[PDB]
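Peer 1: Below are the C-alpha cells for one structure; questions will follow.
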Amino acid sequence: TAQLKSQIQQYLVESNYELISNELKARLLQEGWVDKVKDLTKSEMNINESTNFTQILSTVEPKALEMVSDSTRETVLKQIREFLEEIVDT
Amino acid sequence: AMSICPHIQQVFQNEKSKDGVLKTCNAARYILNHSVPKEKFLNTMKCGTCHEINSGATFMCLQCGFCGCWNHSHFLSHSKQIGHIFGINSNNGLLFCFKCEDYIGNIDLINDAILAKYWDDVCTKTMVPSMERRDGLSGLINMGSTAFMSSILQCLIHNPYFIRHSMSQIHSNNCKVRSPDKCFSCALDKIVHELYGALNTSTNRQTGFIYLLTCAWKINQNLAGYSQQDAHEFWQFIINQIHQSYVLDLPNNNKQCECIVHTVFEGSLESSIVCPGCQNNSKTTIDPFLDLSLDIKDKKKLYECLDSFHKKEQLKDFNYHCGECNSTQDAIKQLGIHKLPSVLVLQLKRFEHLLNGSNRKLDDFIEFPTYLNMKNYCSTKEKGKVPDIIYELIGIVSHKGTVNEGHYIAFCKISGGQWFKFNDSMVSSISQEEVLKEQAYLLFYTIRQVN
Amino acid sequence: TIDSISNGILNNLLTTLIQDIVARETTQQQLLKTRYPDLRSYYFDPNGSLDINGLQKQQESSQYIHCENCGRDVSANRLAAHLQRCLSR
Amino acid sequence: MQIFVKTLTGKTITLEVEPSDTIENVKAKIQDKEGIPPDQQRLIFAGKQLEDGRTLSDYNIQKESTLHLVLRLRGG
Amino acid sequence: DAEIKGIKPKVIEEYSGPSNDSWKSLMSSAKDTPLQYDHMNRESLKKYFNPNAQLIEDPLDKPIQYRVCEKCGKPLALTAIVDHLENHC
Ligand SMILES: [Zn+2]
Ligand SMILES: [Zn+2]
Ligand SMILES: [Zn+2]
Ligand SMILES: [Zn+2]
Ligand SMILES: [Zn+2]
Ligand SMILES: [Zn+2]
Ligand SMILES: [Zn+2]
Ligand SMILES: [Zn+2]
C-alpha cells in the first residue's frame, strides 16, 4: 500500500529535516539563485503588467526549477539519499 | 483597474461572519508565532488526504480543521467537495480565494487584522504612507562637512530594529525631557517623521537633522559637522549617547546594559590562552564588542581578512609561566566569537603608518560577499562542530580621498532586493553588482539564518 | 524506488519554497499597485546621473535654509559655520 | 598588571599597567613602542573610545583585557 | 537504487485514513508557548547568541508597515498606534 510512504515521512518528521531544509536554503541563497528568482519575478510582473499569482506562477516555476545549480541539486539529493539508506529494508 | 475578491467582500457584508474570520486569522497567526517546528510539520504541513508532509504548500482550512496539499489538489478537493473557498498557506499565513485563483495581498484590513477591533478608529486617526515618503527616501544636503555623519545615518535609517524602535514611540512614550533639541532620540523620531510622514501641515524635510546637529554641537562641536572626522568614531560616540539616553529614561548587579544597542549590536569575543606544550588549558577572557575592525594588507577578500583576524598569535612580550608543563613560555593568543550580534558592523582598516610619522590610505579592493558565514569563527563546540551562521549584507559605507581628507558615501538595500546610493541630497538606483565592485570601508550585516 | 522517493522529496522542498516566495512577491506587488494606482518605479539611470525621481543634483549654493536660531537665513552649505558663530552664546 | 593592544596590522603588544593609570599614560606607552603620537591614536574598548583624563578603572578595564588600536579616516 | 520491502519494525516499535484531528488543538499549546523563529535554531541561539538579543527574521521582506497620524503627523508602527492615540498624539 501507499500509506507506507506517508508513514516513512512521518518518521522523517519525528527525527534532521531542519538540517536538510536549512542546508538547501543556504546553498540556494549563497549562489544567488534566490535573488535571480526575485529579479525574474519583478521582470515578469512588469512584462505582463499583472500581480495575479496563478498566471505568474505558471511561467515562473519551470524556469526556476531549471535554474537550480547542478552542484546544489546533486549534493542535496545525495544527502537525502544518505539519510534514506538508514531506515529502509531492501 | 485592479479588482478585489468579491467573495471576501460578501463575507464582510456581515459583521459577525467577518469577526469570526478575523478572529480565526489572528488565532492562526498567534499559533504560527507560538508553535515548535515538529508540531508545525505534523499538523500544518501534513496533507489530510494522502498524509504526506510538504506535498507542495499545505493549506489550513478557514472553515474547518482539514489540511490539504497542492500536488494532489487535496485542498482543491476540500474546496470542490465542501464548498470552502478560503484557505491559509501554512508558510506565510496569507489567505487564498480559490475562485479568484489569487492571493489577497492588497486589503489593508487583512494585513493588519489584529487591530480589527479598533479598525474604524485606526481609519479615522491615521492614513497610509504617502508614495513619496513610503520608503522614507530623501536626500540630506551637506551642511558643511557632514558626509561622515549622513553616510552613517542612512544605514541607520534603513535598519529594521531602529525603525521598529523609533516608530514604536518608545523614546517618545518614555522621554522625561521630551525635547528634540536636547534628546537625540526625539530628534531621530522627528527625522523618521519627516522622511516617512508629514509635519503639520523649496526646503523640505531637514528639521530633525538640524536638531541632531544642534545637540552634537552642544556635546562636542568638533564632531558636530564643521570639521572632517572619523565615521567609526562617530558610530561609537552616537551609539554610546543613545545608550546613555536609554539609561536616562529609566526609572531605575546588572553589568550588561539592557539598551537597544546592547540587544542588537553586542557580542562577545573569547580569548583563549593555552600552553604550547600541554595544549589543553585554557585561560579564557570574554570581551564585549559592538563591531569588528579588520586588517586588509596582502589580502583580496573579506574572508581572508576575517581569517587573519581570527588567526592565532604568539605573544613575544607577555610574561608567562605555565603551571602544567612547569616552564616559562610564550603564550598563544586567539580571538574567536563567544556571542554574535543581531547586526554585525565591520570596519576595514584602510590605512597604514610609516616610519616618517606619516600615514597612507590603502585603496586595495577587498572582496566582500552578499552572504557571510561565521561558522569557522565560533570558539565553542557542541557535543564536535559549530553550525552554519549566515548574515545578509544590508549596508555599505565607502570613502574616497586620503587618510586625512575625503568623502563618505552610503549604499543601502531595500525590499525587492534593489540597491540605492545615498550621496548627500542624491538618492539613486544602483545595481547590486556595482555596489559589490565598490571599495568598502564599513559593512552592515543583519542575521539571516542560524543552524 | 529510493531514487524516486528522493526525487519526490527534493521536488516537495523546492515547490514549497517556490510557492512561498512567489506568493510573497505577488502579494507585495499587488498591495503596492492597489495602494498607489499612479505608482511609478524609482528611476534607474544607466548613466549614473539621475536620482530616484529622475533628477540631477541640485545647485548649491543656490538653496538656502532659514536658521530658526537668531532669525537669520543662511545658505545651507555654509550653515555649520553659522552655527559655530551662532550657538557660541 | 599586563594588558594587551591589537594594532593596525593585527599584531598584539603587551603593556604593564595599573587600573589607575590614565589614558594619556597608556597612549604614551604606545607611542614609546610604535612611535605614533597620542593625538594620532584611537584606543577602543567595549565599543567606546577611551578618553584622556580618565583611568582604566573608570572603564572597568582589568588584567589581560585587550584594547584595539585604530587611526582616523577624515571625511567631510 | 534498490527495492524497498517494508518499514523496519523497531521504529514502529518505539515511535509509531483521513485524520480527525484539528489544527485549533494547538491553541492550548500556543497559549503557553513563547515567540518562535523559523530558520534560527533556538538552542544554537542560546549557546552562541545573547539571551536578550532582539531578533527580526527576514527583515527586508516588505517595505516598512506603518501609518501616519492625521493630527500630529507621526509615522507609527502598527503595535504602537493605539497608545499613541491614547496619550501621545
Ligand atoms: Zn495529497
Ligand atoms: Zn473546511
Ligand atoms: Zn475571489
Ligand atoms: Zn527626548
Ligand atoms: Zn544596553
Ligand atoms: Zn606545557
Ligand atoms: Zn543661527
Ligand atoms: Zn499622532
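Each chain in the C-alpha cells gets a letter, A, B, ..., in the order shown, and its residues are numbered from 1; ligands are numbered from 1 in order too.
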Hey, which residues sit close to ligand 5? Say within 9 Å, counting only C-alpha atoms and all ligand atoms, and write them as a ChimeraX atom specification.

Peer 2: /B:243-244,246-247,256-264,266

Peer 1: Please list as a PyMOL selection string every residue within 12 Å of residue 53 (chain C), counting only C-alpha atoms and excluding residues in the same chain fewer than 4 positions away.

Peer 2: (chain B and resi 131-132+137-139+426-429) or (chain C and resi 40-45+49+57)

Peer 1: Name each residue within 12 Å of ligand 2, counting only C-alpha atoms and all ligand atoms, as a PyMOL selection string.

Peer 2: (chain B and resi 48+59-68+74-88) or (chain E and resi 22-23)

Peer 1: Using only C-alpha atoms, determine which residues lie at most 8 Å from region 44-58 of chain A, disregarding the query and same-chain residues fewer than 3 positions distant; provide the list as a list in words.

Peer 2: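 Non-adjacent residues within range: residues 40, 41, 61 and 62 of chain A; 101, 102 and 103 of chain B; 19, 22, 23, 26, 27, 29 and 30 of chain C.
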
Peer 1: Write a file of the selected residues as a compact mmCIF listing (two decimals), in the first residue's frame, keeping N, CA and C atoms.

Peer 2:
```txt
# COMPACT_ATOMS: atom_id res chain seq x y z
N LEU A 40 13.66 37.81 -11.72
CA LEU A 40 12.76 37.17 -12.67
C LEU A 40 11.31 37.52 -12.37
N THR A 41 10.96 37.48 -11.09
CA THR A 41 9.59 37.77 -10.69
C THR A 41 9.22 39.22 -10.98
N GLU A 61 7.54 28.86 -12.27
CA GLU A 61 8.01 27.60 -11.68
C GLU A 61 8.95 26.71 -12.53
N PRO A 62 8.58 26.37 -13.79
CA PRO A 62 9.52 25.52 -14.55
C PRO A 62 10.94 26.08 -14.69
N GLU B 101 -8.46 32.54 -7.93
CA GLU B 101 -7.15 31.93 -8.18
C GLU B 101 -6.00 32.87 -7.85
N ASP B 102 -6.19 33.70 -6.84
CA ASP B 102 -5.19 34.69 -6.46
C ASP B 102 -5.22 34.92 -4.96
N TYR B 103 -4.07 35.29 -4.40
CA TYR B 103 -3.99 35.71 -3.01
C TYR B 103 -4.56 37.10 -2.78
N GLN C 19 6.64 28.25 -4.06
CA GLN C 19 5.27 28.74 -3.89
C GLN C 19 5.19 29.79 -2.79
N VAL C 22 6.94 33.10 -4.28
CA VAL C 22 6.13 33.70 -5.33
C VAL C 22 4.88 34.33 -4.71
N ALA C 23 4.28 33.63 -3.75
CA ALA C 23 3.10 34.18 -3.08
C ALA C 23 3.43 35.49 -2.37
N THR C 26 3.91 38.29 -5.16
CA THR C 26 2.69 38.69 -5.83
C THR C 26 1.82 39.48 -4.86
N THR C 27 1.78 39.04 -3.60
CA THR C 27 1.00 39.79 -2.62
C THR C 27 1.59 41.19 -2.40
N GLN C 29 3.44 43.07 -4.46
CA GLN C 29 3.31 43.94 -5.62
C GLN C 29 1.85 44.33 -5.85
N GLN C 30 0.95 43.37 -5.62
CA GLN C 30 -0.48 43.64 -5.64
C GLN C 30 -0.84 44.75 -4.66
```

Peer 1: Tell me, in Å to one decimal, how far CA of residue 345 (chain B) is from CA of residue 307 (chain B).

Peer 2: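 Taking CA of residue 345 (chain B) and CA of residue 307 (chain B), their separation equals 16.7 Å.
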
Peer 1: Could you pull the residues within 10 Å of residue 31 (chain A), counting only C-alpha atoms, minus those fewer than 4 positions along the same chain, as a PyMOL selection string?

Peer 2: (chain A and resi 26-27+35-36+68-69+72) or (chain B and resi 370-371)

Peer 1: Would you save the residues from that selection as a PDB file, in the first residue's frame, using C-alpha atoms?

Peer 2:
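Okay, this is what ended up in selection05.pdb:
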```
ATOM      1  CA  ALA A  26      21.852  28.293   2.493  1.00  0.00           C
ATOM      2  CA  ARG A  27      23.101  26.839  -0.779  1.00  0.00           C
ATOM      3  CA  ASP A  35      17.778  36.890  -5.948  1.00  0.00           C
ATOM      4  CA  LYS A  36      17.782  35.747  -9.569  1.00  0.00           C
ATOM      5  CA  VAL A  68      18.840  25.206  -9.609  1.00  0.00           C
ATOM      6  CA  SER A  69      22.577  24.572  -9.933  1.00  0.00           C
ATOM      7  CA  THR A  72      23.339  22.017  -5.090  1.00  0.00           C
TER       8      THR A  72
ATOM      9  CA  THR B 370      26.474  39.171  -0.288  1.00  0.00           C
ATOM     10  CA  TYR B 371      26.094  36.480   2.359  1.00  0.00           C
TER      11      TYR B 371
END
```

Peer 1: If you count only C-alpha atoms and all ligand atoms, which residues end up within 10 Å of ligand 7, as number ranges by chain?

Peer 2: C: 66-74, 79-88

Peer 1: Output N, CA, C and O atoms for every residue in that selection, as a CSV table (one decimal), in the first residue's frame.

Peer 2:
```
chain,number,residue,atom,x,y,z
C,66,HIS,N,16.3,78.6,6.4
C,66,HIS,CA,16.1,79.6,7.4
C,66,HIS,C,16.5,79.1,8.8
C,66,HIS,O,15.8,78.1,9.3
C,67,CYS,N,17.5,79.7,9.4
C,67,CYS,CA,18.0,79.2,10.7
C,67,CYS,C,17.0,79.7,11.7
C,67,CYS,O,16.8,80.9,11.9
C,68,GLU,N,16.4,78.8,12.4
C,68,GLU,CA,15.4,79.3,13.5
C,68,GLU,C,16.1,80.0,14.6
C,68,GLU,O,15.5,80.8,15.3
C,69,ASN,N,17.4,79.7,14.7
C,69,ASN,CA,18.2,80.4,15.7
C,69,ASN,C,18.5,81.8,15.2
C,69,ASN,O,18.6,81.9,14.0
C,70,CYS,N,18.6,82.8,16.1
C,70,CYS,CA,18.8,84.2,15.7
C,70,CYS,C,17.9,84.8,14.6
C,70,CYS,O,18.0,86.0,14.4
C,71,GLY,N,17.1,84.0,13.9
C,71,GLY,CA,16.2,84.5,12.9
C,71,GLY,C,16.9,84.8,11.6
C,71,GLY,O,16.2,85.5,10.7
C,72,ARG,N,18.1,84.4,11.3
C,72,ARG,CA,18.8,84.6,10.1
C,72,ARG,C,18.6,83.5,9.1
C,72,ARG,O,18.7,82.3,9.4
C,73,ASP,N,18.4,83.8,7.8
C,73,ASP,CA,18.5,82.8,6.7
C,73,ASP,C,20.0,82.7,6.4
C,73,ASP,O,20.7,83.6,6.2
C,74,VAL,N,20.4,81.4,6.2
C,74,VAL,CA,21.8,81.1,5.9
C,74,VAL,C,21.9,80.1,4.7
C,74,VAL,O,21.1,79.1,4.7
C,79,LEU,N,25.9,76.5,6.5
C,79,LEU,CA,25.1,76.5,7.8
C,79,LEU,C,25.9,76.2,9.0
C,79,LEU,O,25.8,76.9,10.0
C,80,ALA,N,26.8,75.2,8.9
C,80,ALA,CA,27.7,74.8,10.1
C,80,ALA,C,28.5,75.9,10.6
C,80,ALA,O,28.5,76.1,11.8
C,81,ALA,N,29.1,76.7,9.7
C,81,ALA,CA,29.9,77.8,10.1
C,81,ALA,C,29.0,78.8,10.9
C,81,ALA,O,29.4,79.2,12.0
C,82,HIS,N,27.8,79.0,10.3
C,82,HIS,CA,26.9,79.9,11.0
C,82,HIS,C,26.6,79.4,12.4
C,82,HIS,O,26.6,80.1,13.4
C,83,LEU,N,26.4,78.1,12.5
C,83,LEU,CA,26.0,77.6,13.9
C,83,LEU,C,27.2,77.8,14.8
C,83,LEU,O,27.0,78.1,16.0
C,84,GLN,N,28.4,77.7,14.3
C,84,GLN,CA,29.6,77.9,15.1
C,84,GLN,C,29.7,79.3,15.6
C,84,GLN,O,30.3,79.6,16.7
C,85,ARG,N,29.1,80.2,14.8
C,85,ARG,CA,29.1,81.6,15.2
C,85,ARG,C,27.8,82.0,15.9
C,85,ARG,O,27.7,83.1,16.4
C,86,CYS,N,26.8,81.0,15.9
C,86,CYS,CA,25.5,81.4,16.4
C,86,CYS,C,25.3,80.7,17.8
C,86,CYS,O,24.7,81.3,18.7
C,87,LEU,N,25.7,79.4,17.9
C,87,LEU,CA,25.5,78.7,19.1
C,87,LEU,C,26.5,79.0,20.2
C,87,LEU,O,26.3,78.7,21.3
C,88,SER,N,27.5,79.8,19.8
C,88,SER,CA,28.5,80.3,20.8
C,88,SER,C,28.1,81.3,21.8
C,88,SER,O,28.9,81.9,22.5
```

Peer 1: Using only C-alpha atoms, which residues sit within 7 Å of residue 68 (chain E) once same-chain residues fewer than 4 positions away are excluded, as a list in words?

Peer 2: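 Near neighbours after the sequence-gap exclusion: residues 126, 127, 128, 129 and 197 of chain B; 73, 74, 75 and 76 of chain E.
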
Peer 1: Write as a PyMOL selection string the residues around ligand 4, taking 12 Å as the cut-off and counting only C-alpha atoms and all ligand atoms.

Peer 2: chain B and resi 166+169-190+211-212+215+242+244-246+248-249

Peer 1: Using DSSP assignments from the backbone, pull out every residue in chain C that falls under helix (DSSP H, G or I) and give it to me as a PyMOL selection string.

Peer 2: chain C and resi 2-35+76-86

Peer 1: Which residues are near ligand 1 in this structure, taking near to mean any atom at most 9 Å from a ligand atom and counting only C-alpha atoms and all ligand atoms? Format them as a ChimeraX atom specification.

Peer 2: /B:46-53,55-56,58,68-75

Peer 1: Just the number, please: distance in Å from CA of residue 374 (chain B) to CA of residue 234 (chain B), one decimal.

Peer 2: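 Going from CA of residue 374 (chain B) over to CA of residue 234 (chain B), I get 26.5 Å.
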
Peer 1: Return as an NGL selection string every polymer residue, whether protein, DNA or RNA, with at least one atom no more than 10 Å from an atom of ligand 3; count only C-alpha atoms and all ligand atoms.

Peer 2: :B and (3-10 or 85-86 or 96-104)

Peer 1: Around ligand 8, which protein and nucleic acid residues have at least one atom no more than 10 Å from it, if we count only C-alpha atoms and all ligand atoms? List them as a PDB file with C-alpha atoms, in the first residue's frame.

Peer 2:
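Result written to out_20.pdb:
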```pdb
ATOM      1  CA  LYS B 125      -6.986  58.889  13.074  1.00  0.00           C
ATOM      2  CA  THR B 126      -4.340  57.732  10.569  1.00  0.00           C
TER       3      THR B 126
ATOM      4  CA  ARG E  67       0.534  54.619   9.324  1.00  0.00           C
ATOM      5  CA  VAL E  68       0.628  58.385   9.847  1.00  0.00           C
ATOM      6  CA  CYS E  69      -1.395  60.364  12.411  1.00  0.00           C
ATOM      7  CA  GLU E  70      -3.760  62.945  10.916  1.00  0.00           C
ATOM      8  CA  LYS E  71      -3.302  65.297  13.872  1.00  0.00           C
ATOM      9  CA  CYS E  72       0.420  65.309  14.631  1.00  0.00           C
ATOM     10  CA  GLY E  73       1.789  63.512  11.573  1.00  0.00           C
ATOM     11  CA  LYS E  74       3.838  60.824  13.323  1.00  0.00           C
ATOM     12  CA  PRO E  75       4.691  57.581  11.479  1.00  0.00           C
ATOM     13  CA  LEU E  76       3.546  54.760  13.726  1.00  0.00           C
ATOM     14  CA  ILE E  81      -0.523  53.221  17.105  1.00  0.00           C
ATOM     15  CA  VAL E  82      -3.072  52.587  19.800  1.00  0.00           C
ATOM     16  CA  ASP E  83      -1.330  54.090  22.784  1.00  0.00           C
ATOM     17  CA  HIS E  84      -0.035  56.886  20.643  1.00  0.00           C
ATOM     18  CA  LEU E  85      -3.697  57.630  20.272  1.00  0.00           C
ATOM     19  CA  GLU E  86      -4.295  57.207  23.991  1.00  0.00           C
ATOM     20  CA  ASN E  87      -1.793  59.672  25.476  1.00  0.00           C
ATOM     21  CA  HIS E  88       0.912  60.668  22.970  1.00  0.00           C
ATOM     22  CA  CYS E  89      -0.738  62.338  19.966  1.00  0.00           C
TER      23      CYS E  89
END
```

Peer 1: Determine the nearest neighbour of residue 18 (chain C) from the options B:389, B:57, B:110, B:305, counting only C-alpha atoms.

Peer 2: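 Once distances to residue 18 (chain C) are computed over only C-alpha atoms, the minimum belongs to B:57.
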
Peer 1: Enter the distance from CA of residue 11 (chain D) to CA of residue 240 (chain B), in Å, rounded to one decimal.

Peer 2: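 Calculated distance between CA of residue 11 (chain D) and CA of residue 240 (chain B) is 27.3 Å.
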